[PDB]
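Take a look at the structure below.
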Amino acid sequence: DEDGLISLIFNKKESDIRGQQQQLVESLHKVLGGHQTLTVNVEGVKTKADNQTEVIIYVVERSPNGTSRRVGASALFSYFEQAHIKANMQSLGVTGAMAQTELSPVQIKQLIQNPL
Amino acid sequence: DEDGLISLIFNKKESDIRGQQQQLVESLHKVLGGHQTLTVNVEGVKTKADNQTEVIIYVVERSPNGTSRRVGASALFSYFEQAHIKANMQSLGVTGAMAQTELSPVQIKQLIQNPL
Amino acid sequence: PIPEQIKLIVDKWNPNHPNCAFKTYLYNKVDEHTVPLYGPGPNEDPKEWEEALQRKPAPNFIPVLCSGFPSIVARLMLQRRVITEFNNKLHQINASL
Amino acid sequence: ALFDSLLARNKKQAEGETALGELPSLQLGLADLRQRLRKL
Amino acid sequence: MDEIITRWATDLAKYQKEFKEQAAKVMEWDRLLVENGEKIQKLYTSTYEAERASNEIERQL
Amino acid sequence: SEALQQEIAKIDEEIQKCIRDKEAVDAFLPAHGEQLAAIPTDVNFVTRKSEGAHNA
């Protein structure tokens, strides 16, 4: 979870993603609020189909004391799945998202008991 | 940190510190550059041993708009630990100094990565 | 008797729980010693709660209030969220083997 | 992969080697084997 | 105007009878999920054991 | 008749709006259902490969 990796599927061709990567990364930064304490990093880009591309990201957050660390994957996924944020993501061409952290049974039970 | 308190140990008896407190405070003001925008305040004086006295200070800084605030403890400590300033402090009888702010792990990591 | 049925139907289709008619309880597992917590909330009849706790499938399970459709959607949301975790862990096992 | 390991073990079994005693055993099957089982 | 109340009540009962089923199905699915989860954990244990044992054999050789 | 004819509209609209959610449930089922049904087949498979390693 500490590695903070979120996989995103885009309904865009790989060449289009790479061709405008600066813009894509900044738009993701804007979705996060655009503060200078958050930085979006691209871990990888992979074609999945003619017009489907997976983009793996993480977000580095800086503390008031200058320390930096990655936003945990579960925390970042939780933000992106919020209805308002998901809609903004869909406007960028995102059609899905996944975190790598395998949740514990108690975490899963909590999510089922409180799906919202 | 906002309370700006720095504890100083002096190799002087308490009676000597109190007896010449005006002079001591002005010498500390001089070490800081002597400008009228900085004012040294004594928070407390405590005997620690026959010839050891702790003096707790803070520094009020005034802005061009007349606003005043305390210099943060970390910032003030950083100034006093600079080699040239430390030497001047030692000439006044200071043999140690401490700030009360408990640094974050990221701050500590930064200090270790860049000890100078 | 006309403006009563109407109000009762308006009451049925609603999350306010005046005989919601979409009242089903789902049991969420919770390990001890957290059983003493939970602890319903705004419009929970202790009758329904206890009656749920009464026919309990196994210990360490707490009932959960599913009023209408958004709740069952949410339950699904969780179910997927755990689906992926399950598959992941399973793949980990696979890889180590 | 269990039955696979059973094969693999029973495969490596009947194939040598220099172990001072354990030579590979010939496999039978079906007709001879049933009688070989009954003669237990 | 009764012809509207009839529709309302029929739709109500009709969709209630279905919502019950959906919920039930979800419950059954949950049961399946935990039922497997236990087994997943068992697999975790068994696997860790295997891992440790293999490491031991590695040490022995 | 205005308040009534408007009220019935709002009510029936709300109910229809609820049935949209009901349908939303109905839509998200079969996929998730397959996903769920997939699990026991894998864990019942991975449990087998473990037995293979253990026997090995």
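By order of appearance in the structure tokens: chains A, B, ..., then residues from 1 within every chain, and ligands from 1 in the order shown.
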Show me, as a PDB file with C-alpha atoms, in the first residue's frame, the residues that have an atom within 6 Å of range 43-51 of chain A when counting only C-alpha atoms, minus same-chain residues fewer than 2 positions from it.
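And here's selection-v6.pdb as it stands now:
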```
ATOM      1  CA  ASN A  11     -10.267   5.108 -23.563  1.00  0.00           C
ATOM      2  CA  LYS A  12      -7.430   6.656 -25.571  1.00  0.00           C
ATOM      3  CA  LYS A  13      -4.700   5.261 -27.855  1.00  0.00           C
ATOM      4  CA  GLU A  14      -1.238   4.929 -26.322  1.00  0.00           C
ATOM      5  CA  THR A  53      -4.314   2.477 -22.476  1.00  0.00           C
ATOM      6  CA  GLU A  54      -3.357   1.704 -18.886  1.00  0.00           C
ATOM      7  CA  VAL A  55      -1.506   4.413 -16.996  1.00  0.00           C
ATOM      8  CA  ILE A  56      -0.078   3.589 -13.586  1.00  0.00           C
ATOM      9  CA  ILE A  57       0.448   6.542 -11.252  1.00  0.00           C
TER      10      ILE A  57
END
```
At a cut-off of 10 Å, using only C-alpha atoms, what residues contact range 13-16 of chain F? Leave out same-chain residues fewer than 6 positions from it and give the result as an mmCIF file with C-alpha atoms, in the first residue's frame.
```
data_model
loop_
_atom_site.group_PDB
_atom_site.id
_atom_site.type_symbol
_atom_site.label_atom_id
_atom_site.label_comp_id
_atom_site.auth_asym_id
_atom_site.auth_seq_id
_atom_site.Cartn_x
_atom_site.Cartn_y
_atom_site.Cartn_z
ATOM 1 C CA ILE C 9 -47.009 4.494 -0.736
ATOM 2 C CA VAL C 10 -44.969 7.691 -0.556
ATOM 3 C CA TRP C 13 -40.722 4.297 -1.407
ATOM 4 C CA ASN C 14 -38.418 6.185 0.990
ATOM 5 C CA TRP E 8 -48.720 2.224 -7.918
ATOM 6 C CA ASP E 11 -45.626 -1.842 -9.176
ATOM 7 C CA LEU E 12 -44.794 -1.588 -5.478
ATOM 8 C CA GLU F 7 -48.101 15.988 -6.870
ATOM 9 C CA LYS F 22 -33.464 -0.760 -8.964
#
```
Fewer than 6 positions away in the same chain doesn't count, so skip those; otherwise give me all residues within 12 Å of residue 81 in chain B, counting only C-alpha atoms, as JSON, numbers by chain. {"B": [6, 8, 31, 74, 75, 87, 88, 89, 90, 94, 95, 96, 97, 98, 99, 115, 116]}
Next, the residues of the selection above should be written as a PDB file, in the first residue's frame with N, CA, C and O atoms.
```pdb
ATOM      1  N   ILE B   6      13.771  29.220  23.037  1.00  0.00           N
ATOM      2  CA  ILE B   6      15.100  28.633  22.997  1.00  0.00           C
ATOM      3  C   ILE B   6      15.690  28.663  24.395  1.00  0.00           C
ATOM      4  O   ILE B   6      15.736  29.722  25.037  1.00  0.00           O
ATOM      5  N   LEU B   8      18.928  28.357  26.739  1.00  0.00           N
ATOM      6  CA  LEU B   8      20.372  28.535  26.680  1.00  0.00           C
ATOM      7  C   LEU B   8      21.002  28.192  28.013  1.00  0.00           C
ATOM      8  O   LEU B   8      20.508  28.621  29.055  1.00  0.00           O
ATOM      9  N   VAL B  31      23.951  39.912  18.637  1.00  0.00           N
ATOM     10  CA  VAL B  31      24.276  38.693  17.917  1.00  0.00           C
ATOM     11  C   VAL B  31      23.305  38.467  16.741  1.00  0.00           C
ATOM     12  O   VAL B  31      23.692  37.933  15.689  1.00  0.00           O
ATOM     13  N   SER B  74      12.508  26.700  15.587  1.00  0.00           N
ATOM     14  CA  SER B  74      13.426  26.021  14.685  1.00  0.00           C
ATOM     15  C   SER B  74      14.278  27.017  13.910  1.00  0.00           C
ATOM     16  O   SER B  74      15.485  26.825  13.752  1.00  0.00           O
ATOM     17  N   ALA B  75      13.638  28.076  13.420  1.00  0.00           N
ATOM     18  CA  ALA B  75      14.343  29.132  12.691  1.00  0.00           C
ATOM     19  C   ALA B  75      15.373  29.820  13.572  1.00  0.00           C
ATOM     20  O   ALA B  75      16.500  30.076  13.146  1.00  0.00           O
ATOM     21  N   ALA B  87      29.941  30.661  17.856  1.00  0.00           N
ATOM     22  CA  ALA B  87      31.169  31.168  18.440  1.00  0.00           C
ATOM     23  C   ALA B  87      30.921  32.458  19.196  1.00  0.00           C
ATOM     24  O   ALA B  87      31.455  32.658  20.281  1.00  0.00           O
ATOM     25  N   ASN B  88      30.118  33.349  18.625  1.00  0.00           N
ATOM     26  CA  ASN B  88      29.779  34.589  19.320  1.00  0.00           C
ATOM     27  C   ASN B  88      29.013  34.308  20.603  1.00  0.00           C
ATOM     28  O   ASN B  88      29.228  34.968  21.617  1.00  0.00           O
ATOM     29  N   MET B  89      28.115  33.329  20.544  1.00  0.00           N
ATOM     30  CA  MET B  89      27.330  32.934  21.711  1.00  0.00           C
ATOM     31  C   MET B  89      28.250  32.381  22.801  1.00  0.00           C
ATOM     32  O   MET B  89      28.086  32.688  23.981  1.00  0.00           O
ATOM     33  N   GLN B  90      29.236  31.584  22.400  1.00  0.00           N
ATOM     34  CA  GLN B  90      30.157  31.002  23.361  1.00  0.00           C
ATOM     35  C   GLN B  90      30.970  32.081  24.057  1.00  0.00           C
ATOM     36  O   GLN B  90      31.294  31.960  25.239  1.00  0.00           O
ATOM     37  N   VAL B  94      27.646  31.119  26.659  1.00  0.00           N
ATOM     38  CA  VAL B  94      26.700  30.059  26.299  1.00  0.00           C
ATOM     39  C   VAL B  94      27.449  28.774  26.013  1.00  0.00           C
ATOM     40  O   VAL B  94      28.365  28.768  25.208  1.00  0.00           O
ATOM     41  N   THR B  95      27.056  27.675  26.655  1.00  0.00           N
ATOM     42  CA  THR B  95      27.714  26.385  26.441  1.00  0.00           C
ATOM     43  C   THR B  95      26.753  25.352  25.864  1.00  0.00           C
ATOM     44  O   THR B  95      27.151  24.235  25.538  1.00  0.00           O
ATOM     45  N   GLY B  96      25.502  25.745  25.690  1.00  0.00           N
ATOM     46  CA  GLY B  96      24.547  24.889  25.023  1.00  0.00           C
ATOM     47  C   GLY B  96      23.244  25.571  24.748  1.00  0.00           C
ATOM     48  O   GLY B  96      22.949  26.650  25.281  1.00  0.00           O
ATOM     49  N   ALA B  97      22.460  24.943  23.886  1.00  0.00           N
ATOM     50  CA  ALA B  97      21.188  25.480  23.467  1.00  0.00           C
ATOM     51  C   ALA B  97      20.245  24.352  23.072  1.00  0.00           C
ATOM     52  O   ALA B  97      20.685  23.280  22.636  1.00  0.00           O
ATOM     53  N   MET B  98      18.953  24.609  23.245  1.00  0.00           N
ATOM     54  CA  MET B  98      17.913  23.634  22.910  1.00  0.00           C
ATOM     55  C   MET B  98      16.605  24.324  22.488  1.00  0.00           C
ATOM     56  O   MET B  98      16.185  25.300  23.096  1.00  0.00           O
ATOM     57  N   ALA B  99      15.956  23.796  21.450  1.00  0.00           N
ATOM     58  CA  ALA B  99      14.582  24.190  21.093  1.00  0.00           C
ATOM     59  C   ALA B  99      13.558  23.165  21.609  1.00  0.00           C
ATOM     60  O   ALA B  99      13.903  22.005  21.760  1.00  0.00           O
ATOM     61  N   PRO B 115      23.342  17.577   6.844  1.00  0.00           N
ATOM     62  CA  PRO B 115      23.720  17.981   8.208  1.00  0.00           C
ATOM     63  C   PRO B 115      24.257  19.415   8.285  1.00  0.00           C
ATOM     64  O   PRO B 115      24.248  20.040   9.354  1.00  0.00           O
ATOM     65  N   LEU B 116      24.701  19.945   7.151  1.00  0.00           N
ATOM     66  CA  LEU B 116      25.212  21.314   7.100  1.00  0.00           C
ATOM     67  C   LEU B 116      24.115  22.341   6.841  1.00  0.00           C
ATOM     68  O   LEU B 116      24.250  23.547   7.083  1.00  0.00           O
TER      69      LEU B 116
END
```
For chain F versus chain E, which residues have an atom no more than 8 Å away, and what is each residue's nearest atom pair and distance in Å rounded to one decimal, using only C-alpha atoms, chain-then-number order, as a Markdown table?
```
| residue | atom | partner | partner_atom | distance |
| --- | --- | --- | --- | --- |
| F:22 | CA | E:19 | CA | 7.7 |
| F:36 | CA | E:29 | CA | 7.3 |
| F:39 | CA | E:36 | CA | 7.8 |
| F:40 | CA | E:36 | CA | 6.3 |
| F:43 | CA | E:40 | CA | 6.7 |
| F:47 | CA | E:43 | CA | 6.4 |
| F:50 | CA | E:47 | CA | 6.8 |
| F:53 | CA | E:50 | CA | 7.5 |
| F:54 | CA | E:50 | CA | 6.4 |
```
Keeping only N, CA, C and O atoms, write the selected residues as a compact mmCIF listing (two decimals), in the first residue's frame.
```
# COMPACT_ATOMS: atom_id res chain seq x y z
N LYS F 22 -33.19 0.68 -8.92
CA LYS F 22 -33.46 -0.76 -8.96
C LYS F 22 -32.87 -1.40 -10.22
O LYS F 22 -32.20 -2.44 -10.17
N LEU F 36 -17.72 -13.25 -9.00
CA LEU F 36 -17.89 -14.02 -7.77
C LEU F 36 -17.76 -15.51 -7.99
O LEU F 36 -17.07 -16.20 -7.24
N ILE F 39 -14.24 -16.97 -8.31
CA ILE F 39 -13.39 -17.12 -7.12
C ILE F 39 -13.27 -18.55 -6.63
O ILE F 39 -12.17 -19.09 -6.59
N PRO F 40 -14.40 -19.18 -6.25
CA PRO F 40 -14.30 -20.52 -5.67
C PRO F 40 -13.58 -21.52 -6.59
O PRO F 40 -13.00 -22.48 -6.10
N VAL F 43 -9.64 -20.60 -6.03
CA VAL F 43 -9.17 -21.01 -4.71
C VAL F 43 -9.21 -22.54 -4.61
O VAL F 43 -8.38 -23.15 -3.94
N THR F 47 -5.55 -24.24 -4.25
CA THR F 47 -5.44 -25.15 -3.12
C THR F 47 -4.88 -26.48 -3.61
O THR F 47 -4.19 -27.18 -2.88
N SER F 50 -1.04 -26.14 -4.33
CA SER F 50 -0.33 -26.15 -3.06
C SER F 50 -0.09 -27.60 -2.65
O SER F 50 1.01 -27.96 -2.24
N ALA F 53 2.83 -28.98 -4.46
CA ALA F 53 4.11 -28.55 -3.92
C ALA F 53 4.41 -29.30 -2.63
O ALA F 53 5.53 -29.76 -2.42
N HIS F 54 3.41 -29.40 -1.76
CA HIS F 54 3.60 -30.09 -0.49
C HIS F 54 3.97 -31.56 -0.70
O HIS F 54 4.85 -32.08 -0.02
```
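Nearest-residue note for residue 8 in chain C: choosing from E:56, E:24, E:1, E:9, the minimum distance belongs to E:9, counting only C-alpha atoms.
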Using DSSP secondary structure from the backbone, list all helix (DSSP H, G or I) positions within chain B, as JSON, numbers by chain. {"B": [14, 15, 16, 17, 18, 19, 21, 22, 23, 24, 25, 26, 27, 28, 29, 30, 31, 73, 74, 75, 76, 77, 78, 79, 80, 81, 83, 84, 85, 86, 87, 88, 89, 90, 91, 105, 106, 107, 108, 109, 110, 111, 112, 113]}
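For the pair CA of residue 52 in chain B and CA of residue 15 in chain B, the separation is 10.6 Å.
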For the interface of chain C with chain A (cut-off 10 Å, counting only C-alpha atoms), please tabulate each contacting residue of chain C alongside its nearest pair of atoms and their separation in Å to one decimal, rows sorted by chain and increasing number, as CSV.
```
residue,atom,partner,partner_atom,distance
C:26,CA,A:113,CA,8.2
C:27,CA,A:113,CA,8.1
C:28,CA,A:113,CA,5.6
C:29,CA,A:109,CA,6.0
C:30,CA,A:106,CA,6.9
C:31,CA,A:106,CA,7.8
C:62,CA,A:113,CA,9.0
C:63,CA,A:113,CA,8.6
C:64,CA,A:113,CA,6.3
C:65,CA,A:113,CA,8.7
C:66,CA,A:113,CA,9.5
C:70,CA,A:116,CA,9.3
C:71,CA,A:115,CA,7.5
C:72,CA,A:115,CA,8.8
C:73,CA,A:115,CA,8.1
C:74,CA,A:115,CA,4.3
C:75,CA,A:112,CA,5.1
C:76,CA,A:112,CA,7.7
C:77,CA,A:115,CA,6.2
C:78,CA,A:112,CA,4.4
C:79,CA,A:112,CA,6.4
C:80,CA,A:112,CA,9.4
C:81,CA,A:108,CA,7.2
C:82,CA,A:108,CA,5.2
C:83,CA,A:108,CA,8.9
C:84,CA,A:102,CA,7.4
C:85,CA,A:102,CA,4.2
C:86,CA,A:102,CA,6.9
C:87,CA,A:102,CA,8.3
C:88,CA,A:102,CA,5.7
C:89,CA,A:102,CA,5.8
C:90,CA,A:102,CA,9.3
C:92,CA,A:102,CA,9.3
```
Restricted to N, CA and C atoms, what would the selected residues look like written as a JSON list (two decimals), in the first residue's frame?
```
[["chain", "number", "residue", "atom", "x", "y", "z"],
["C", 26, "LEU", "N", -28.39, -7.34, 6.37],
["C", 26, "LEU", "CA", -27.25, -8.15, 5.95],
["C", 26, "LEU", "C", -26.24, -8.18, 7.08],
["C", 27, "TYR", "N", -25.68, -9.35, 7.33],
["C", 27, "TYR", "CA", -24.75, -9.54, 8.44],
["C", 27, "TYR", "C", -23.31, -9.30, 8.02],
["C", 28, "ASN", "N", -22.73, -8.24, 8.57],
["C", 28, "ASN", "CA", -21.32, -7.93, 8.35],
["C", 28, "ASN", "C", -20.48, -8.54, 9.47],
["C", 29, "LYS", "N", -19.47, -9.32, 9.10],
["C", 29, "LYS", "CA", -18.58, -9.95, 10.07],
["C", 29, "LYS", "C", -17.68, -8.92, 10.76],
["C", 30, "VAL", "N", -17.56, -9.04, 12.08],
["C", 30, "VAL", "CA", -16.69, -8.18, 12.86],
["C", 30, "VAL", "C", -16.09, -8.98, 14.01],
["C", 31, "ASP", "N", -14.77, -9.06, 14.05],
["C", 31, "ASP", "CA", -14.10, -9.83, 15.09],
["C", 31, "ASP", "C", -14.25, -9.16, 16.44],
["C", 62, "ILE", "N", -22.43, -8.94, 12.84],
["C", 62, "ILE", "CA", -23.29, -7.83, 13.23],
["C", 62, "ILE", "C", -24.23, -7.53, 12.07],
["C", 63, "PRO", "N", -25.51, -7.24, 12.37],
["C", 63, "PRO", "CA", -26.40, -7.00, 11.23],
["C", 63, "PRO", "C", -26.21, -5.60, 10.65],
["C", 64, "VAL", "N", -26.63, -5.43, 9.40],
["C", 64, "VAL", "CA", -26.49, -4.15, 8.70],
["C", 64, "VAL", "C", -27.78, -3.83, 7.99],
["C", 65, "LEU", "N", -28.17, -2.56, 8.06],
["C", 65, "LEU", "CA", -29.48, -2.09, 7.62],
["C", 65, "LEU", "C", -29.47, -1.80, 6.13],
["C", 66, "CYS", "N", -30.14, -2.63, 5.32],
["C", 66, "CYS", "CA", -30.23, -2.33, 3.90],
["C", 66, "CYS", "C", -31.61, -1.84, 3.50],
["C", 70, "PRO", "N", -30.07, 1.93, -3.21],
["C", 70, "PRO", "CA", -28.69, 2.43, -3.10],
["C", 70, "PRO", "C", -27.85, 1.61, -2.11],
["C", 71, "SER", "N", -28.48, 1.09, -1.06],
["C", 71, "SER", "CA", -27.77, 0.29, -0.08],
["C", 71, "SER", "C", -27.26, -1.01, -0.69],
["C", 72, "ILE", "N", -28.10, -1.69, -1.46],
["C", 72, "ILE", "CA", -27.70, -2.96, -2.06],
["C", 72, "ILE", "C", -26.65, -2.70, -3.15],
["C", 73, "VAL", "N", -26.78, -1.57, -3.85],
["C", 73, "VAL", "CA", -25.72, -1.13, -4.75],
["C", 73, "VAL", "C", -24.41, -1.00, -3.98],
["C", 74, "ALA", "N", -24.45, -0.28, -2.86],
["C", 74, "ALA", "CA", -23.26, -0.09, -2.04],
["C", 74, "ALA", "C", -22.67, -1.42, -1.59],
["C", 75, "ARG", "N", -23.54, -2.33, -1.17],
["C", 75, "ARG", "CA", -23.10, -3.66, -0.75],
["C", 75, "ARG", "C", -22.35, -4.32, -1.90],
["C", 76, "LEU", "N", -22.91, -4.21, -3.10],
["C", 76, "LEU", "CA", -22.21, -4.70, -4.29],
["C", 76, "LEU", "C", -20.85, -4.03, -4.44],
["C", 77, "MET", "N", -20.81, -2.70, -4.31],
["C", 77, "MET", "CA", -19.56, -1.93, -4.42],
["C", 77, "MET", "C", -18.50, -2.57, -3.53],
["C", 78, "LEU", "N", -18.84, -2.75, -2.25],
["C", 78, "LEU", "CA", -17.94, -3.43, -1.33],
["C", 78, "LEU", "C", -17.57, -4.81, -1.86],
["C", 79, "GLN", "N", -18.57, -5.58, -2.28],
["C", 79, "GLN", "CA", -18.32, -6.94, -2.77],
["C", 79, "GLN", "C", -17.29, -6.97, -3.89],
["C", 80, "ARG", "N", -17.34, -6.01, -4.80],
["C", 80, "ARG", "CA", -16.32, -5.95, -5.84],
["C", 80, "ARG", "C", -14.98, -5.59, -5.19],
["C", 81, "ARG", "N", -14.99, -4.52, -4.39],
["C", 81, "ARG", "CA", -13.78, -4.06, -3.73],
["C", 81, "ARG", "C", -13.06, -5.20, -3.02],
["C", 82, "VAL", "N", -13.83, -6.13, -2.45],
["C", 82, "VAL", "CA", -13.23, -7.31, -1.82],
["C", 82, "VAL", "C", -12.91, -8.38, -2.85],
["C", 83, "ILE", "N", -13.71, -8.46, -3.92],
["C", 83, "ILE", "CA", -13.43, -9.40, -5.00],
["C", 83, "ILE", "C", -11.98, -9.23, -5.45],
["C", 84, "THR", "N", -11.61, -7.99, -5.75],
["C", 84, "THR", "CA", -10.28, -7.72, -6.28],
["C", 84, "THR", "C", -9.19, -8.10, -5.28],
["C", 85, "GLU", "N", -9.44, -7.81, -4.01],
["C", 85, "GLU", "CA", -8.49, -8.13, -2.95],
["C", 85, "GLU", "C", -8.29, -9.65, -2.88],
["C", 86, "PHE", "N", -9.41, -10.37, -2.91],
["C", 86, "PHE", "CA", -9.40, -11.83, -2.95],
["C", 86, "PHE", "C", -8.54, -12.37, -4.09],
["C", 87, "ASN", "N", -8.86, -11.93, -5.30],
["C", 87, "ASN", "CA", -8.10, -12.37, -6.47],
["C", 87, "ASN", "C", -6.61, -12.07, -6.30],
["C", 88, "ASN", "N", -6.29, -10.84, -5.88],
["C", 88, "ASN", "CA", -4.91, -10.44, -5.65],
["C", 88, "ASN", "C", -4.18, -11.38, -4.69],
["C", 89, "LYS", "N", -4.73, -11.54, -3.49],
["C", 89, "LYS", "CA", -4.12, -12.42, -2.49],
["C", 89, "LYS", "C", -3.94, -13.82, -3.08],
["C", 90, "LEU", "N", -4.97, -14.28, -3.76],
["C", 90, "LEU", "CA", -4.94, -15.61, -4.35],
["C", 90, "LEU", "C", -3.78, -15.71, -5.34],
["C", 92, "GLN", "N", -1.07, -13.87, -5.28],
["C", 92, "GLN", "CA", 0.15, -13.89, -4.47],
["C", 92, "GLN", "C", 0.49, -15.33, -4.10]]
```
